[PDB]
Amino acid sequence: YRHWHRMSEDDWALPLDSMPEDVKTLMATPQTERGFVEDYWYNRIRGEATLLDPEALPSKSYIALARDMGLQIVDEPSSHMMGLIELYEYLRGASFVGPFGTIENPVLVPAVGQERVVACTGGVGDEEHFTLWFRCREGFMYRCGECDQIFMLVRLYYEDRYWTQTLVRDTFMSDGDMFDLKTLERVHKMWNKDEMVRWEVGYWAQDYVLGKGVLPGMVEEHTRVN
Amino acid sequence: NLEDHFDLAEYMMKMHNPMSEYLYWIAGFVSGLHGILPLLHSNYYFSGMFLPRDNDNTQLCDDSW
Amino acid sequence: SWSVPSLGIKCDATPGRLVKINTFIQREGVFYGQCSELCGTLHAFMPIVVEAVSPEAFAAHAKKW
Amino acid sequence: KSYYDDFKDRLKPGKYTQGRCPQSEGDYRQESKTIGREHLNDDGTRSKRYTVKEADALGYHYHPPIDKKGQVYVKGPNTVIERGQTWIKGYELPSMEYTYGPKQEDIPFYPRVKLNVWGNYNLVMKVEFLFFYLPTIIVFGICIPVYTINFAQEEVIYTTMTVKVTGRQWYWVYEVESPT
Amino acid sequence: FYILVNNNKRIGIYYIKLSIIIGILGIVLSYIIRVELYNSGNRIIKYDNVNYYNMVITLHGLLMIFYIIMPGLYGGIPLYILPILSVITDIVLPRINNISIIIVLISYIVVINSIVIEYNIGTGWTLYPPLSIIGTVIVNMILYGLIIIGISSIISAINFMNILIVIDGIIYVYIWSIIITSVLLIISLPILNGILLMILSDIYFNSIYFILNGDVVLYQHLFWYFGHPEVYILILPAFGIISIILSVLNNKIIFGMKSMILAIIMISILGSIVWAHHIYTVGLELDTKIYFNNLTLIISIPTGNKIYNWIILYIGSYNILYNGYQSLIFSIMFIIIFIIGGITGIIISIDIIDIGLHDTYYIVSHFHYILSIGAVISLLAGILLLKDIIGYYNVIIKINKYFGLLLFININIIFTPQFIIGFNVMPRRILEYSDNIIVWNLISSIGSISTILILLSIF
Amino acid sequence: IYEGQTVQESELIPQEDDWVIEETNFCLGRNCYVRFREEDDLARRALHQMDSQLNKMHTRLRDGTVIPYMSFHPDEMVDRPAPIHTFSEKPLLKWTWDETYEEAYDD
Amino acid sequence: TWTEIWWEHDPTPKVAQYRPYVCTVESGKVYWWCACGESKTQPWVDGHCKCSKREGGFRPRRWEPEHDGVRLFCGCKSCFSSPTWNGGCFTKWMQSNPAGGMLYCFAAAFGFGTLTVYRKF
Amino acid sequence: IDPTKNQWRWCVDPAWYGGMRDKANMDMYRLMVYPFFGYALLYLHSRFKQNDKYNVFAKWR
Amino acid sequence: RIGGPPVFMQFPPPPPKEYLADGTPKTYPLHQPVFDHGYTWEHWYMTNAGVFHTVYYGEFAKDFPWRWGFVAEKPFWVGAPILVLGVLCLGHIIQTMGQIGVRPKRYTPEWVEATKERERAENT
Ligand SMILES: CCCCCCCCCCCCCCCCCC(=O)OC[C@H](COP(=O)([O-])OCC(O)COP(=O)([O-])OC[C@@H](COC(=O)CCCCCCCCCCCCCCCCC)OC(=O)CCCCCCCCCCCCCCCCC)OC(=O)CCCCCCCCCCCCCCCCC
Ligand code: HEA
Ligand code: HEA
Ligand code: CUA
Ligand SMILES: [O-][O-]
Ligand SMILES: [Cu+2]
Ligand SMILES: [K+]
Ligand SMILES: [Mg+2]
Ligand SMILES: [Zn+2]
Ligand SMILES: [Zn+2]
Ligand SMILES: [Zn+2]
């Protein structure tokens with residue numbers, strides 16, 4: 001959005017030193033129990049394990065492929081929530097302009113709390129009036145006293161929580177078959193051999209499953225000076 | 001917290017200690033004294049009296065008092 | 001500031017400026033004025049008194065004084 | 001009727017000047033020992049420790065509210081499903097008698113009326129023109145007089161006598177040509 | 001905390017609180033002046049202590065202008081509502097806002113301390129040289145206060161200008177009023193600082209700008225190049241308040257919003273180019289005098305448009321609504337009073353009329369009707385409108401018809417007679433006067449004591 | 001200049017011959033100084049103040065919609081007295097236009 | 001003339017009197033003012049006029065004095081400050097008898113002109 | 001890297017991001033309050049004495 | 001922004017209520033006095049409650065001290081005129097206390113006549 005500042009380096013990828021060292025437990029943790037860093041590396045390890053196995057991709061369904069990469073198959077419930085989330089974020093630093101509100105289609109006023117201050121400017125052209133500010137509280141269909149424009153408050157609330165991308169992913173995504181560490185090892189040997197590492201994440205991940213320091217050059221990789 | 005919602009919550013909720021009000025009035029009273037006390041001091045310094053007697057810088061009748 | 005309200009004169013006596021004011025008195029009398037620019041302690045104690053007399057009277061006065 | 005009599009009972013006249021006993025009889029300056037009131041004084045005011053000496057904004061009692069999933073507790077709406085539709089019942093504020101005291105009866109009638117606007121665009125535009133140009137005319141009526149009187153003061157006159165006037169602290173010196 | 005707070009609304013309260021405190025000292029000085037002027041003779045100041053009177057009038061003017069009305073109308077109400085009117089969480093520069101109020105207090109302490117410790121002499125609030133540069137150290141202290149005050153004013157102006165970058169709604173007329181005052185400060189203050197530094201150079205660095213071959217009239221140009229913009233920096237916030245009160249209380253949308261805004265912009269530009277109407281009697285060139293007189297009379301046009309737009313706001317309002325609220329009465333009283341002050345301003349604007357009326361009590365009454373009556377009442381009306389939002393209590397003002405009536409009557413008893421003595425004529429900045437001017441001076445003095453008594457009834 | 005919303009004669013035609021203008025009182029009620037209970041502490045007096053806000057009040061019309069407390073300026077939209085942090089969720093100024101895009105509709 | 005020539009959807013009262021009614025009122029008491037001009041207990045609603053019966057858009061006008069005293073009340077039923085009187089009774093009379101209105105206005109202006117001219121001159 | 005572990009950014013004012021170091025700097029300056037009052041009060045006494053304002057009564061006795 | 005200052009947070013529940021040992025609810029300081037006097041008037045004012053609403057605001061005598069209850073009970077145009085004169089009279093009295101018996105010589109008949117002589121000579 002225009003109100004956001006510049007992408008960080010982390011916005012693209014995370015450093016491999018932030019990979020959890022207990023990979024064996026990481027790949028067995030349920031999604032609802034994974035933190036932001038743990039969830040990043042669960043998806044990256046599992047997603048790259050399937051993508052770096054070309055011979056199996058054509059026989060893998062889009063439902064299974066999306067699960068491996070950690071992408072959520074969309075549906076009307078989740079689409080509604082995500083859309084209203086992105087609309088809330090956009091309105092943080094953007095103007096609020098849209099069609100005239102009526103009983104059939106009230107002006108939708110997203111909010112996290114139970115109230116949001118709103119102003120009615122009336123219709124277009126000569127039907128526009130001076131700003132009339134009012135407090136839009138949930139559970140009431142508001143009508144402007146001047147132009148009769150109907151307003152309504154929409155709350156991004158779900159089960160004692162507000163709506164977030166993390167909440168939407170946890171509520172609607174279902175964990176599939178438990179990730180098999182044999183796949184990690186098999187793909188690791190595929191792209192990492194004879195001092196050539198073409199899957200750096202899988203070389204670090206396999207090292208942790210082995211106990212940290214087992215694979216060649218990994219003790220030297222983990223030895224820091226400050 | 002509910003106590004922190006309102007700025008100056010104790011005063012707005014009518015629980016503040018009255019001493020705060022007394023200090024504010026005292027501060028104003030001291031500010032006022034900065035115009036009166038130097039007047040008295042300066043009058044005495046250059047005349048020997050803290051305040052004049054009306055029209056004592058002009059000729060007065062014999063019975064004037 | 002040299003001010004004589006009856007003569008319609010109020011000219012500031014500023015250091016460095018020699019301001020010219022022209023006048024034509026029409027009637028005899030004594031016209032009283034006061035300094036009109038805060039000039040220090042005794043700003044209120046330097047009045048301006050101008051007496052206009054007949055030309056024959058002015059000549060006699062100037063000759064004697 | 002007298003509406004004050006309705007809520008007279010709630011207003012019990014006070015005993016202490018400024019609503020506090022002498023500090024000797026009860027020390028309101030100390031922090032309350034009641035569980036869950038460590039941030040309050042005995043008289044209910046916030047304690048200096050909570051607000052000044054150990055203010056959280058200064059790094060004391062560091063306790064991040066947001067949880068691991070980036071969530072905070074949010075209270076949901078009062079939802080009521082009905083007629084094949086999910087409804088939300090809004091929270092209505094309590095009767096103003098509870099909060100203010102007067103009994104909410106015999107309220108004078110103030111009808112709904114849309115904003116009182118001035119109409120007749122053509123007429124309004126002419127008035128606004130007059131609001132600006134009537135003063136402009138008056139100024140123009142003063143302009144010519146102002147020029148003339150200014151020119152009059154600064155007129156080269158055939159003066160025949162000079163009086164020099166010097167202003168000193170605090171007297172006026174006068175220099176005049178002496179008759180020959 | 002108390003001093004550390006950065007909350008913009010708390011700081012707004014501090015500005016009003018400090019203005020009232022410093023205001024007590026201001027009013028006391030005014031009472032001294034009026035008591036002295038009750039008759040001819042010495043009443044409360046000895047003839048050997050006449051220097052104190054000169055200091056009283058000097059400090060009265062300086063404090064009321066820079067430490068009371070300006071901190072109240074440009075620091076108090078603005079810091080409390082402007083970020084709300086702009087639908088923004090808080091002021092753009094939080095830390096700067098805190099230091100500004102602290103600076104004002106510190107400069108006030110310096111001034112009053114200089115009363116107590118230094119010899120008491122005066123040179124007017126306009127600090128004309130050479131008198132200002134031949135005085136004692138009290139003049140040096142006052143200069144430090146003004147320069148320090150200037151720092152607070154400029155940084156506060158920077159703070160308000162930044163609202164344009166963050167405003168999330170519509171720039172209402174009141175917001176426009178503050179922004180333009182901020183612009184007027186940014187352009188006028190740097191010139192004031194320069195001339196004040198030159199006063200210091202002559203006082204403290206053996207400079208010779210204000211001795212022969214150096215033009216003393218130079219100071220008056222640079223001073224008044226800030227002086228007159230100052231009088232509009234003090235009135236424009238009041239105009240902004242009047243607009244909000246009339247629209248809100250009458251439930252009527254502002255009429256000619258764009259003309260109101262463009263009238264404020266116009267007043268500022270014109271107010272930046274008319275300063276020499278304060279220098280009519282020095283002896284300026286004929287064409288200069290005519291230019292300044294012409295442009296000074298033009299300011300009435302934009303100022304007149306605003307007055308008439310206010311009148312139509314009150315016209316036609318519903319009768320059922322109670323009209324005795326103090327805020328509404330004060331707002332209406334402002335229109336009635338400001339017209340008197342402005343019209344007399346136009347009278348003095350004619351230079352030939354000004355020759356008779358310069359340095360007379362007619363000028364006093366003129367700027368009192370606008371400031372001592374109009375600006376004060378506007379600040380009161382604005383605070384009164386925000387009583388619920390601010391939340392103060394323990395006063396009987398909101399609905400007090402006695403206070404409004406007594407104030408209006410008695411304030412006019414003080415300053416209406418000062419117009420009369422302007423054609424008598426009684427010079428300004430004097431304490432002794434001829435016996436034939438006692439009647440009017442006595443009437444005004446009776447008015448001053450009475451107004452003070454009415455200030456006690458609010459509690 | 002603003003002169004109200006434009007009305008077409010068709011919109012002024014009633015569906016019944018007995019329709020008149022609804023007589024609903026828009027006076028919110030009788031009020032005075034907010035009166036706190038002595039028993040309530042600082043926290044509970046804060047709740048009391050929050051429940052006495054006129055700008056949270058409205059008038060319900062015959063069709064169930066409510067006309068809220070409205071003001072020309074947002075100064076009257078914060079709790080009275082003003083809290084330390086007021087507009088946490090940015091107040092939304094709603095502008096209206098005739099532009100539309102197909103994605104918003106479904107056939 | 002709003003009801004007469006501009007708007008035909010507001011109730012139009014009957015003039016009971018082209019002069020205000022003088023009545024003593026007490027603080028803390030509520031009074032009900034006739035808005036139709038057909039009550040026989042003027043200036044108050046009698047329980048039998050249009051206002052009392054809520055007929056034809058006529059309703060009683062609630063009023064309450066702040067202080068005790070004698071107050072003028074509208075008889076023409078059209079004063080802007082109704083129920084209180086502000087001079088609209090005379091104005092409405094002039095609309096109904098414009099020739100009489102001119103006579104009074106001339107007389108009032110004549111007196112005002114003489115007095116102001118005599119004192120200033 | 002975990003976004004939820006940086007809440008001290010808004011929970012703590014920037015002037016005290018330094019923990020004890022920043023609290024110490026504030027506390028040290030706090031200790032200088034009364035020394036400043038005595039110093040400032042001395043300046044007032046110095047000017048008051050140099051202007052012969054203490055001899056107001058002795059002058060006329 | 002994950003882990004940033006939340007847009008909205010719910011208030012935590014208020015601290016436990018305090019009872020006295022006998023069960024009486026513990027009361028806290030309250031600056032809303034019930035002034036003692038014989039006045040019981042109640043003044044009501046229709047007030048702006050926004051754009052489309054009003055509120056009937058009432059002022060009760062018991063909420064004010066005796067001095068205001070006394071003054072506010074009377075009709076405004078009975079009190080106002082008396083108060084105006086009273087304040088003016090008091091001001092003059094105050095300003096006359098410091099000049100009781102002061103008799104400047106320039107206001108005596110002899111000096112008054114001499115000024116008339118000066119005016120005649122100067123045609124003032
Ligand atoms: C123009 C006038 C008329 C106007 C009329 C129109 C008005 C319209 C309405 C205007 C409304 C504006 C908006 C109002 C918003 C109010 C918000 C508010 O209340 O905020 C809460 C705020 C604080 O409340 P809080 O949140 O509970 O604060 C808790 C504290 O933070 C913490 O509590 P704590 O107890 O821990 O506090 C610490 C306390 C600790 O205090 C103590 O321990 C005090 C102990 C007792 C001391 C008492 C004084 C002793 C003096 C002795 C003097 C001896 C002289 C001997 C002479 C001998 C001669 C021979 O203090 C200190 O330690 C420091 C005190 C420093 C300040 C006081 C300074 C006094 C003057 C000093 C002068 C020094 C000169 C030196 C010169 C040297 C030269 C060399 O309230 C106040 O501060 C009080 C405000 C009261 C007035 C509010 C407005 C009411 C409406 C207007 C009424 C009219 C006023 C007229 C002006 C005054 C006339 C005099
Ligand atoms: C906020 C305070 C304020 C305000 C608004 C004004 C406004 C004006 N002032 Fe000012 N003035 C002062 C404060 C103020 N002044 C002070 C404090 C001094 C003395 C400083 C000192 O010397 O120490 C002073 C001095 C002063 C003098 C010096 C006189 C002298 O030194 O002898 C003059 C003369 O030009 C002047 C003129 C004006 C004019 C022409 C206006 C205009 O703004 C007035 C405009 C308003 C109107 C004209 C009325 C409203 C408009 C209408 C009703 C439209 C119809 C009217 C017409 C068409 C004319 N002022
Ligand atoms: C805005 C500034 C201001 C204000 C309010 C006043 C108010 C008053 N002034 Fe003013 N006065 C000046 C600015 C002001 N004056 C200036 C700039 C000069 C010229 C200085 C010079 O000559 O060098 C001057 C000169 C001056 C003199 C001339 C002395 C002389 O030089 O010979 C006299 C006495 O005649 C006088 C009297 C009064 C009186 C009796 C009041 C008032 O007391 C009248 C009664 C009104 C009140 C008592 C209410 C005031 C209340 C407040 C200001 C507080 C407001 C705060 C809030 C609302 C939060 N003043
Ligand atoms: Cu010389 Cu004043
Ligand atoms: O100064 O006008
Ligand atoms: Cu000017
Ligand atoms: K005197
Ligand atoms: Mg001068
Ligand atoms: Zn609308
Ligand atoms: Zn009837
Ligand atoms: Zn009538």
# chains A, B, ... in the order shown; residues from 1 in each chain; ligands from 1

$ residues_near_ligand --ligand "ligand 5" --cutoff "10 Å" --atoms "only C-alpha atoms and all ligand atoms" --output "ChimeraX atom specification"
/E:224,227-232,271,274-278,296,342,345-346,348-349,363,366-367

$ residues_around --residues "residue 451 of chain E" --least-positions-apart "3" --cutoff "7 Å" --atoms "only C-alpha atoms" --output "MDAnalysis selection string"
chainID E and resid 407 410:411 447:448 454:455

$ residues_around --residues "residue 33 of chain B" --least-positions-apart "2" --cutoff "12 Å" --atoms "only C-alpha atoms" --output "VMD selection string"
(chain B and resid 26 to 31 35 to 41) or (chain E and resid 21 to 22 24 to 29 112 to 113 115 to 116)

$ write_last_selection --atoms "C-alpha atoms" --output "short mmCIF file (atom, residue, chain, number, x, y, z; two decimals), in the first residue's frame"
data_model
loop_
_atom_site.label_atom_id
_atom_site.label_comp_id
_atom_site.auth_asym_id
_atom_site.auth_seq_id
_atom_site.Cartn_x
_atom_site.Cartn_y
_atom_site.Cartn_z
CA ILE B 26 -1.69 30.29 45.13
CA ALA B 27 0.48 30.44 42.02
CA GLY B 28 -1.86 33.01 40.52
CA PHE B 29 -1.85 34.97 43.78
CA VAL B 30 1.96 35.05 43.81
CA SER B 31 1.95 36.23 40.20
CA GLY B 35 2.99 43.98 40.60
CA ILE B 36 2.12 45.20 44.10
CA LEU B 37 5.16 44.37 46.22
CA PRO B 38 7.74 46.10 43.96
CA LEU B 39 5.39 49.09 43.85
CA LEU B 40 5.52 49.40 47.63
CA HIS B 41 9.26 48.73 47.76
CA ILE E 21 -2.05 32.71 35.94
CA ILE E 22 0.03 35.22 33.98
CA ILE E 24 -3.67 37.71 37.02
CA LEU E 25 -0.44 39.71 36.88
CA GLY E 26 -1.69 41.43 33.74
CA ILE E 27 -5.02 42.47 35.28
CA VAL E 28 -3.31 43.66 38.47
CA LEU E 29 -1.12 45.99 36.42
CA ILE E 112 8.80 38.77 36.64
CA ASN E 113 12.15 38.11 38.31
CA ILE E 115 10.71 43.23 38.14
CA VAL E 116 11.83 42.12 41.59
#

$ interface_residues --of "chain F" --to "chain G" --cutoff "12 Å" --atoms "only C-alpha atoms" --output "list in words"
residues 18, 20, 21, 22 and 23 of chain F

$ write_last_selection --atoms "C-alpha atoms" --output "PDB file, in the first residue's frame"
ATOM      1  CA  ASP F  18     -53.493   8.340   6.055  1.00  0.00           C
ATOM      2  CA  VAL F  20     -48.536  11.852   7.795  1.00  0.00           C
ATOM      3  CA  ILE F  21     -45.126  12.968   9.024  1.00  0.00           C
ATOM      4  CA  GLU F  22     -43.837  10.740  11.816  1.00  0.00           C
ATOM      5  CA  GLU F  23     -43.932  12.500  15.189  1.00  0.00           C
TER       6      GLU F  23
END

$ residues_around --residues "residue 51 of chain C" --least-positions-apart "2" --cutoff "7 Å" --atoms "only C-alpha atoms" --output "ChimeraX atom specification"
/C:29-31,49,53

$ residues_near_ligand --ligand "ligand 10" --cutoff "12 Å" --atoms "only C-alpha atoms and all ligand atoms" --output "MDAnalysis selection string"
chainID G and resid 11:16 32:61 75:77 83

$ residues_near_ligand --ligand "ligand 4" --cutoff "7 Å" --atoms "only C-alpha atoms and all ligand atoms" --output "ChimeraX atom specification"
/C:1,35-40,43-44,46 /D:167,169-170

$ interface_residues --of "chain D" --to "chain I" --cutoff "8 Å" --atoms "only C-alpha atoms" --output "list in words"
residues 2, 3, 4, 11, 12, 13, 14, 18, 19, 20, 35, 36, 37, 43, 44, 66, 70, 72, 73, 74, 75, 107, 108, 110, 112, 113, 114 and 115 of chain D

$ write_last_selection --atoms "N, CA, C and O atoms" --output "short mmCIF file (atom, residue, chain, number, x, y, z; two decimals), in the first residue's frame"
data_model
loop_
_atom_site.label_atom_id
_atom_site.label_comp_id
_atom_site.auth_asym_id
_atom_site.auth_seq_id
_atom_site.Cartn_x
_atom_site.Cartn_y
_atom_site.Cartn_z
N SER D 2 -41.15 18.53 40.88
CA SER D 2 -39.74 18.77 41.18
C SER D 2 -38.98 17.48 40.88
O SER D 2 -39.15 16.48 41.58
N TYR D 3 -38.15 17.52 39.84
CA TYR D 3 -37.39 16.33 39.46
C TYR D 3 -36.26 16.02 40.42
O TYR D 3 -35.79 14.88 40.46
N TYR D 4 -35.81 17.01 41.20
CA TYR D 4 -34.75 16.75 42.16
C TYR D 4 -35.19 15.77 43.24
O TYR D 4 -34.38 14.96 43.71
N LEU D 11 -28.36 11.20 46.60
CA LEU D 11 -27.44 12.26 46.99
C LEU D 11 -27.50 12.40 48.51
O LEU D 11 -28.32 13.14 49.05
N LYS D 12 -26.60 11.69 49.19
CA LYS D 12 -26.47 11.81 50.63
C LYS D 12 -25.48 12.93 50.95
O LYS D 12 -24.34 12.87 50.48
N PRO D 13 -25.87 13.94 51.72
CA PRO D 13 -24.94 15.04 52.00
C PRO D 13 -23.64 14.55 52.63
O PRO D 13 -23.62 13.54 53.34
N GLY D 14 -22.56 15.27 52.34
CA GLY D 14 -21.24 14.84 52.76
C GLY D 14 -20.88 15.26 54.17
O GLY D 14 -21.49 16.16 54.76
N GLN D 18 -14.04 18.60 51.40
CA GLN D 18 -13.33 18.07 50.25
C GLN D 18 -13.35 16.54 50.22
O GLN D 18 -12.57 15.93 49.47
N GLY D 19 -14.22 15.91 51.00
CA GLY D 19 -14.47 14.49 50.88
C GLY D 19 -13.38 13.58 51.39
O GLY D 19 -13.34 12.41 50.98
N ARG D 20 -12.51 14.06 52.26
CA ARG D 20 -11.45 13.24 52.84
C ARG D 20 -11.30 13.57 54.32
O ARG D 20 -11.40 14.73 54.72
N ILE D 35 -5.90 -6.77 47.46
CA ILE D 35 -5.44 -7.53 46.31
C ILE D 35 -6.09 -6.98 45.05
O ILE D 35 -7.30 -6.69 45.03
N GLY D 36 -5.30 -6.83 44.00
CA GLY D 36 -5.79 -6.29 42.75
C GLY D 36 -5.89 -4.79 42.70
O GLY D 36 -6.35 -4.25 41.69
N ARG D 37 -5.47 -4.09 43.76
CA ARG D 37 -5.51 -2.64 43.82
C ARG D 37 -4.14 -2.05 44.11
O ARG D 37 -4.02 -0.97 44.68
N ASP D 43 -7.55 5.98 48.93
CA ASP D 43 -8.71 6.77 48.56
C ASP D 43 -9.17 6.52 47.13
O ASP D 43 -10.16 7.12 46.71
N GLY D 44 -8.47 5.67 46.39
CA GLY D 44 -8.87 5.31 45.04
C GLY D 44 -8.08 5.97 43.94
O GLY D 44 -8.16 5.53 42.79
N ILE D 66 0.33 -8.27 23.15
CA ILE D 66 0.02 -9.11 22.00
C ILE D 66 0.65 -10.49 22.19
O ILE D 66 1.76 -10.62 22.73
N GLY D 70 -0.09 -12.78 17.18
CA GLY D 70 -0.44 -11.41 16.85
C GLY D 70 -1.89 -11.08 17.10
O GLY D 70 -2.51 -10.37 16.29
N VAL D 72 -5.09 -10.07 20.11
CA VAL D 72 -5.48 -9.56 21.42
C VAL D 72 -6.95 -9.89 21.62
O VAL D 72 -7.71 -10.07 20.67
N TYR D 73 -7.35 -9.97 22.89
CA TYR D 73 -8.72 -10.33 23.20
C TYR D 73 -9.68 -9.27 22.67
O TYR D 73 -9.47 -8.07 22.87
N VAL D 74 -10.73 -9.72 22.00
CA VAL D 74 -11.76 -8.86 21.44
C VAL D 74 -13.12 -9.44 21.81
O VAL D 74 -13.36 -10.63 21.63
N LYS D 75 -14.00 -8.59 22.33
CA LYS D 75 -15.34 -9.02 22.71
C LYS D 75 -16.26 -8.98 21.50
O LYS D 75 -16.31 -7.97 20.78
N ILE D 107 -40.73 14.95 28.44
CA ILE D 107 -39.65 15.54 27.65
C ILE D 107 -40.26 16.48 26.60
O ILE D 107 -41.21 16.09 25.90
N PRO D 108 -39.76 17.70 26.46
CA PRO D 108 -40.28 18.58 25.41
C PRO D 108 -40.00 17.99 24.03
O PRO D 108 -39.02 17.27 23.83
N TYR D 110 -38.91 18.06 20.28
CA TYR D 110 -38.08 18.73 19.28
C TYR D 110 -38.12 17.88 18.01
O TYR D 110 -37.43 16.85 17.94
N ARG D 112 -37.78 16.24 14.18
CA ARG D 112 -36.75 16.15 13.15
C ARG D 112 -36.99 17.23 12.11
O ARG D 112 -38.12 17.44 11.65
N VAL D 113 -35.93 17.93 11.74
CA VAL D 113 -35.98 18.93 10.67
C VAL D 113 -34.63 18.92 9.97
O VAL D 113 -33.58 18.93 10.63
N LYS D 114 -34.65 18.89 8.64
CA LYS D 114 -33.41 18.92 7.89
C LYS D 114 -32.78 20.31 8.00
O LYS D 114 -33.42 21.28 8.42
N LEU D 115 -31.51 20.40 7.64
CA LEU D 115 -30.72 21.60 7.91
C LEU D 115 -31.38 22.85 7.33
O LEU D 115 -31.95 22.82 6.24
#

$ select_by_dssp --residues "segment 1-64 of chain F" --states "alpha helix (DSSP H)" --output "list in words"
residues 42, 43, 44, 45, 46, 47, 48, 49 and 50 of chain F
